[PDB]
Enquirer: 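Pasting a structure below so you can have a look.
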Amino acid sequence: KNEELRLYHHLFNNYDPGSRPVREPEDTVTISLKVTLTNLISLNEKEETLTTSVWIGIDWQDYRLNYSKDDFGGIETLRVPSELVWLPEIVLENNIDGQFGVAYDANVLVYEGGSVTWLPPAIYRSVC
Amino acid sequence: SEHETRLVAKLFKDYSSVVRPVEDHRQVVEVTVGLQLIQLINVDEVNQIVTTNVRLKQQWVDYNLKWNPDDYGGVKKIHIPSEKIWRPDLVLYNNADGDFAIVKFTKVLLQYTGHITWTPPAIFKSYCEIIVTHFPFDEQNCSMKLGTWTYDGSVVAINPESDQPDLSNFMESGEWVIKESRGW
Amino acid sequence: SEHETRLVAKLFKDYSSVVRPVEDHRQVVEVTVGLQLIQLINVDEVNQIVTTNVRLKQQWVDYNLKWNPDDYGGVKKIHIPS
Amino acid sequence: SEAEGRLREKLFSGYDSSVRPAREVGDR
Amino acid sequence: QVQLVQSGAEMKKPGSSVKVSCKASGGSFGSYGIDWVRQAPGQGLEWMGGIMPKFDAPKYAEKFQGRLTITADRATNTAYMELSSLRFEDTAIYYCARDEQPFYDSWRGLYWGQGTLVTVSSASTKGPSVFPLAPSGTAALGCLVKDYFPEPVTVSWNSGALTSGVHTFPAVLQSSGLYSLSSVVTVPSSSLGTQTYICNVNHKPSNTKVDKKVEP
Amino acid sequence: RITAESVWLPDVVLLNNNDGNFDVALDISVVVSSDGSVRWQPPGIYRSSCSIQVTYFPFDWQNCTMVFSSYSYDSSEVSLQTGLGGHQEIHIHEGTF
Amino acid sequence: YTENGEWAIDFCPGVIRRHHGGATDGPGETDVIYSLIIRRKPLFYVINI
Ligand SMILES: *[C@@H]1O[C@H](CO)[C@@H](O)[C@H](O)[C@H]1NC(C)=O
């Protein structure tokens, strides 16, 4: 039996990605944000549009997805589709083309201790 | 048909596409990557973007998609939708303004040994530094960096299928001649 | 988080999105429409088209999507897919 | 039609649209 | 079921090179998950080398570095070893051990080949000399099959009619490079004067066929 | 008359498309006869690659092909033949063309 | 990183803003703003125009 499947069933059999990972409603979720730029494609003066290729570094804590490597055969990382976990739904507000979200929904990395990392790439067309 | 229907129902009764398809989590998935260049659509000097039409042949073994052909009428290979199974998340790192990953989910060829062959099409828009010093007598070295976005080498290993890209089905270009090609 | 999960499970056990959300079918749903203009992207004089970026704020009451906050750990508001 | 519905139910019981139609292995 | 089929047995001389193949069927194997393990005659298993995803390149034991090359071909589901500058001490049964899905920094070897015997010997094909082991209430007699190369030799007693109590020992390799064994049988001492006992020795490489009557 | 997605289809696509679109514009419905014969006539808007012979432009003629084949199934699984019902041609309806 | 053929990125600071935290404003809002300061390389316009 693959230990990854046992860990996935343990974490996600009873889990709601629609609810924030907070024990009380008044608690806040802290998101560690990094934005990495790979390419500046163009600045269209006529349309006043900046096209960039970036990937967003997003890190936060989810106490519901907390596990110890010792209880699951030494697994320190688990890749799952981002649609199965809660996300803070980060968007580029000042986009010009109506594209708010990221370009490719990459897997989230669920580390031990409830730490969740999502590193999706994106193409953004922003107002300038 | 009936044999293959029964086989598919058996295979996908308790299948999971979330976890890596390994017997043991300490095993590595080896993915053979082979790029076939079908067409050089365009070289954009101003935006530094090369557009190409490619086939990204990917081969790997799935431990759970195995069967004995004798138990299913001698069926040794089947075609199944690629969306139903775990796949490697190969991404074009230097993607300029196209798609980062595969979006055309064509079928995989699955052998009874668990061997998968997936050869989806793609339009690669890559960011290549264009040197215009010698234009129109200019030579351009343009690359396509490919790798698993969310998996590291300790859980998913990638190896080129061949030392060069496959240009057997390459359509002749009226603007460019490919002097050399190679995959590292 | 578990209170919100239980609440969302309770709300959508026998919910219908096709019918107007009123206690009585003779009642009227009041929708408050507010337009926020973000950007005037372009005016096309040839084809006579104005293109704008907007936020269309809409506010109404769903009779069936009610709960007592005391019964769900003080949860007074949640976020639901439209 | 009720008859058409019954025929459709009869046809698509145990039918897999992802499986190529081949009564025997090696049939093209 | 997955099967690993290795190349045939090899007869080599000192200083030469031997290449052993290991082909797989019934399963899919890759660039990693290959380990070679030799067993010298009358000795334990010994790891020679292998390829692990961690090094992405073969690693060998200090005994074999500079002499051994290990390769695996995913496209044709086969792996090879090539040991050069062969020595007399390199005589062994060479095994290939493989896993379809490789472990990152170790190896298990779920699938093994049948093994290939490589004999590094400067001797030539030569037939045995058959000597009697004459019997001095059970009596013991036998036949000494000495100084032959290569293996095997087959020994029967009374044209196969006498099998009870027969012990044919495994061959021992001498310092001369030639093999030697003894075949023995225990019989009633009363039957020594009445019953004839003949050992039938056969060595196919020399076409040696000897029927040696053993008596006091 | 059954929706095309409900039955098995051969994965016949335009191999030499230029814009990356392999598939038909609308899946529509198949027509299934009682003997198991399936007829499918989907619409398609296609952009196919055509190498232009520029030498005699604009007094030129071109040779533009539309290569159709199954993307996945090999010749041992799906066999192709030209459609007829010995008319090996593109059908152009004179009234509505 | 391969620099854009026409644009050089000189500065790119980031700031986390918070506003609408007053009682009249109601629930507070926040965002992250990155300011890409980009310089045009005018060589094409100099040579050609
Ligand atoms: C996860 O649970 C362990 C106990 O099993 C605890 O020690 C650890 O701090 C927890 N991690 C979190 C949620 O911070």
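So that the names make sense, note that chain A is the first sequence line, chain B the second, and so on, each numbered from 1.
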Enquirer: For residues E:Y197 and E:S191, report the shortest heavy-atom separation together with the two atoms involved.
Expert: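 Heavy atoms only, the tightest pair is OH-OG, 2.8 Å.
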
Enquirer: Let me confirm one number: the CZ-CD distance from E:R108 to B:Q27, rounded to the nearest 0.5 Å.
Expert: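 Nearest 0.5 Å value for the CZ-CD distance: 5.5 Å.
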
Enquirer: Is there a side chain to side chain contact (heavy atoms under 4.5 Å, CB included) between B:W67 and B:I78? Walk through the geometry before answering.
Expert: CA-CA 11 Å; B:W67 70 90; B:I78 55 169; 3.8 Å; yes

Enquirer: Apply side chain to side chain contact (heavy atoms under 4.5 Å, CB included) to A:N2 and B:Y63, showing your working.
Expert: CA-CA 10 Å; A:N2 191 354; B:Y63 178 78; over 6 Å; no

Enquirer: Check whether any side-chain N or O of A:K1 sits under 3.5 Å from a backbone N or O of A:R6 as a donor-acceptor pair, and report yes or no.
Expert: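 Between the backbone of A:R6 and the side chain of A:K1 there is no qualifying donor-acceptor contact (under 3.5 Å).
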
Enquirer: Is there a side-chain contact between E:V145 and E:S183 in this structure, where contact means two heavy atoms from C-beta onward sitting under 4.5 Å apart?
Expert: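 E:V145 vs E:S183: side chains apart.
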
Enquirer: What distance separates E:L86 CG from E:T91 OG1, expressed to the nearest 0.5 Å?
Expert: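 So the gap between those two atoms works out to 8.5 Å.
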
Enquirer: Hey, are the side chains of E:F149 and E:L178 touching, using non-hydrogen atoms and a 4.5 Å cut-off?
Expert: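 Sidechains of E:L178 and E:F149: in contact.
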
Enquirer: Could you tell me whether the side chain of E:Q101 and the main chain of B:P21 form a donor-acceptor pair under 3.5 Å?
Expert: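 The answer is yes, because a donor-acceptor pair under 3.5 Å joins these two groups.
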
Enquirer: If you apply the rule side chain to side chain contact (heavy atoms under 4.5 Å, CB included), what do you find for E:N200 with E:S159, and how did you get there?
Expert: CA-CA 7 Å; E:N200 289 337; E:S159 311; 3.3 Å; yes

Enquirer: As a quick check of understanding, evaluate side chain to side chain contact (heavy atoms under 4.5 Å, CB included) for B:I102 and B:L90, giving each step before the final call.
Expert: CA-CA 7 Å; B:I102 296 292; B:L90 291 180; 5.8 Å; no

Enquirer: May I ask you to check whether E:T208 and E:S206 show a side-chain donor-acceptor distance below 3.5 Å?
Expert: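 E:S206 and E:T208 do have a side-chain donor-acceptor pair below 3.5 Å.
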
Enquirer: Report, as yes or no, whether the 6.0 Å neighbourhood of atom NZ on E:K23 holds more than 12 heavy atoms from other residues, nucleotides or ligands.
Expert: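 It does not: E:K23 NZ has 12 such atoms or fewer within range.
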
Enquirer: Ignoring hydrogens, what is the shortest heavy-atom contact between E:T69 and E:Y60? Give both atom names and the distance.
Expert: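 Result for this residue pair: CA-OH, 3.4 Å.
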
Enquirer: Looking only at side chains, do D:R28 and F:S79 share a donor and an acceptor under 3.5 Å apart?
Expert: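 Note: D:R28 and F:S79 side chains meet the donor-acceptor criterion.
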
Enquirer: State, without any angle test, whether E:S31 and B:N159 hold a side-chain donor-acceptor pair at a distance under 3.5 Å.
Expert: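 There is no such pair (donor and acceptor under 3.5 Å, judged by atom type) between the side chains of E:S31 and B:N159.
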
Enquirer: Does a side-chain N-to-carboxylate-O contact under 4.0 Å join E:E46 and E:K63?
Expert: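 Yes.
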
Enquirer: Is the ring centre of A:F72 less than 6.0 Å from the ring centre of B:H25?
Expert: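 That pair fails the under 6.0 Å test.
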
Enquirer: What's the spacing between E:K13 NZ and E:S122 OG if we round to 0.5 Å?
Expert: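 Answer for the NZ-OG pair, E:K13 versus E:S122, is 6.0 Å.
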
Enquirer: Parallel, tilted or perpendicular, judged at 30° and 60°: which one describes the rings of E:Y95 and E:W112?
Expert: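 E:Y95 and E:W112: perpendicular rings.
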
Enquirer: Answer yes if the side chains of E:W47 and E:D35 hold a donor-acceptor pair under 3.5 Å, and no otherwise.
Expert: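 Yes.
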
Enquirer: Within this structure, what is the CG-CG distance for the pair E:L192 and E:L141, rounded to the nearest 0.5 Å?
Expert: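 If I round to the nearest 0.5 Å, the distance is 7.0 Å.
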
Enquirer: Under a 4.0 Å N-O cut-off, is there an ion pair linking B:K66 with B:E23?
Expert: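 No, B:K66 and B:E23 are not salt-bridged.
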
Enquirer: Quick one, E:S180 and E:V172 - any side-chain contact, counting heavy atoms below 4.5 Å?
Expert: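 No - every pair of side-chain heavy atoms lies 4.5 Å or more apart.
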
Enquirer: Does either side chain, that of B:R6 or that of B:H3, offer a donor lying less than 3.5 Å from an acceptor on the other one?
Expert: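 There is such a pair between these side chains.
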
Enquirer: For B:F12, does the six-membered ring have the charged nitrogen or CZ of B:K84 within the cation-pi criterion, i.e. under 6.0 angstrom from the centroid and within 45° of the normal?
Expert: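 Yes, B:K84 and B:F12 form such a contact.
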
Enquirer: Tell me whether E:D99 contacts the main-chain N or O of E:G33 through its side chain, where contact means a donor paired with an acceptor under 3.5 Å.
Expert: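 Side chain of E:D99 to backbone of E:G33, a donor-acceptor pair under 3.5 Å: no, none is there.
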
Enquirer: Within the side chain of F:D74, is there an N or O that forms a donor-acceptor pair under 3.5 Å with the backbone of F:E77?
Expert: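 Indeed, once roles are kept as given, a pair shorter than 3.5 Å links the two residues.
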
Enquirer: Can you list everything that forms a salt bridge (charged side-chain N to carboxylate O under 4.0 Å, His left out) with E:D90? Sequence neighbours excluded, please.
Expert: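 With neighbours one apart ignored, the set is E:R38, E:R67.
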
Enquirer: If you count heavy atoms of other groups shown closer than 6.0 angstrom to CG of B:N68, is the number above 12?
Expert: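 Yes, because the 6.0 Å sphere around CG of B:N68 holds more than 12 heavy atoms from other groups.
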
Enquirer: Can you say whether the rings of B:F105 and B:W118 are parallel (under 30°), tilted (30 to 60°) or perpendicular (over 60°)?
Expert: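 Answer is parallel, since the angle falls under 30°.
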
Enquirer: Just wondering, do E:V155 and E:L181 contact through their side chains at under 4.5 Å, heavy atoms?
Expert: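 Yes, at least one pair of side-chain atoms sits under 4.5 Å.
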
Enquirer: What's the spacing between E:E100 CD and E:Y111 OH if we round to 0.5 Å?
Expert: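 Spacing of CD (E:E100) from OH (E:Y111) equals 4.5 Å.
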
Enquirer: So, F:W8 versus F:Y73, ring centres under 6.0 angstrom or not?
Expert: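 Under 6.0 Å, so yes.
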
Enquirer: Would you mind checking if D:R20 and B:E4 are paired as a salt bridge, meaning a charged N to carboxylate O distance below 4.0 Å?
Expert: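 No.
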
Enquirer: A quick test of your reading: do over 12 heavy atoms of other residues, nucleotides or ligands sit less than 6.0 Å from CD of B:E2?
Expert: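 Open.
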
